[PDB]
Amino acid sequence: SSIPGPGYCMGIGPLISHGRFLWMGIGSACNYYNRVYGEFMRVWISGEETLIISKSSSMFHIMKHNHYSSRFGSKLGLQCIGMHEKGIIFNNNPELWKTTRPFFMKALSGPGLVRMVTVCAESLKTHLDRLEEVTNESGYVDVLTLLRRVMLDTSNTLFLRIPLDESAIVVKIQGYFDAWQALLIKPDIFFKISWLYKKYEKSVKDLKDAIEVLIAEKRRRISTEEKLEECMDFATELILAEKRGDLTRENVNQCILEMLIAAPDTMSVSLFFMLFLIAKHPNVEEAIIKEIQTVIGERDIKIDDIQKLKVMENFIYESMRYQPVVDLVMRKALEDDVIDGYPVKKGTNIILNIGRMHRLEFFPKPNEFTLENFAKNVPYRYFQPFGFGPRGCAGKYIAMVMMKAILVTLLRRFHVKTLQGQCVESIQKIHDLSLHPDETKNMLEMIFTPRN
């Protein structure tokens, strides 16, 4: 089979599609092209031919095989944000990625995943006792900020544990994300005219500098620690690997940064959507509350509780399926292969449109929010909210633990109301690198009214 997609108009084809991506945003442009042309089609970002695919079969092939364990993006953009061959998220050097990923995998499972359930609860409790920090005169709670702050506090106390300015770092993380999202697929031309990006450059330096202060302190405490065996964590593991000859300092620093931003970026927006859904689906909210009473009562949340929270689990899955944040995955072909019917040359970029996939393929009622979509065991080859395989989400398991933990301890204590008519469907959204609320609009607040 040949490859569907717009015509290469002697070098105008590329310029339209790239422009379309820049104007529309990666996400929406992906949905546009899959709607016009097939569920498997071809576009250009910069020079490179880039496939946009929503086919579950293609999805599965790509995530399963080692020769797609790469992403893509502007080299200049990635260098600017410090992710060019440095972190893991957008580290596209196969060997450097291969040797960095293990550090993330260790910290995000085993004992750390067990600690996380209780660390999460405490962090949320502490902030729910400080609602004055985030609540309006008319009782409007800034949930986005609240969530980001606990997500950061959580990540810090688990992976780095150095005291920090919660509120400041949160704003800086938001700054970093904009830069990341802004520069990821800008053409090289863009980077020539400098009063066009120095904006983003300063956001990166803001966060990076702020984190250096923290890593610097972490280095001191380690160099004077008596029971070094007793108190291992993610940052320490990296620093020791660096003091063998295994890692670069630049690399260590980017890793710590990537580990700190991950949950604030994705978990908080995810939980936010989840909370709005709860507010608009009383039936579902009752099921959850009943399950909590049955399983937990008023005991503190514990690791052994999490498997038992079946209703919630399905709620989280359905929320993610219906209202994704991470609706698209960027990959690159490292070897030549034939995928379904189509030839895929090495160096070909790939965007997997998992959000659209979850609305076309397996589910009984794709275009409406129901736990019915999860009434029967769903094969992981038709539902990929995290990705799987050698480069699937590093936090895929701990994420489920965290989301359960915070959903439990929040709803346990508060009923959540939405302002006016507002629901996830009516929220104005940016659909670019991820799918999130446009925060230049308003009516994004909620009302937290007590229980009992």
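A residue's number is simply how far along the shown sequence it sits, counting from 1.
Enquirer: On average, which has the higher Cα B-factor in the deposited entry, 387-395 or 41-49?
Expert: According to the entry, 41-49 carries the higher average C-alpha B-factor.
Enquirer: Pick between 142-150 and 336-344: the one whose mean CA B-factor in the entry is higher.
Expert: It is 336-344 that shows the higher mean C-alpha B-factor.
Enquirer: If you check the C-alpha B-factor for each of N283, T99, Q254, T157 in the entry, which is highest?
Expert: Of the options given, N283 has the highest CA B-factor in the PDB entry.
Enquirer: Can you pull the Cα B-factors for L76, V171, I289, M330 from the entry and say which is highest?
Expert: Most elevated C-alpha B-factor of the set, per the entry: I289.
Enquirer: Would you mind checking where the Cα B-factor of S69 ranks among the modelled residues of its chain, as the lowest, middle or highest third?
Expert: Within its chain, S69 is a lowest-third residue by C-alpha B-factor, going by the deposited values.
Enquirer: When the modelled residues of the chain are sorted by Cα temperature factor, does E313 land in the lowest, middle or highest third?
Expert: Middle third, going by the recorded CA B-factors of the chain.
Enquirer: Can you work out whether the C-alpha temperature factor of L183 puts it in the lowest, middle or highest third of the chain?
Expert: For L183, the deposited C-alpha B-factor lands in the lowest third.
Enquirer: Ranking the modelled residues of this chain by C-alpha B-factor as given in the entry, is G297 in the lowest, middle or highest third?
Expert: As the PDB entry reports it, the C-alpha B-factor of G297 lands in the highest third of its chain.
Enquirer: What third of the chain, by the recorded C-alpha B-factor, contains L214?
Expert: Its C-alpha B-factor belongs to the middle third of this chain's values.
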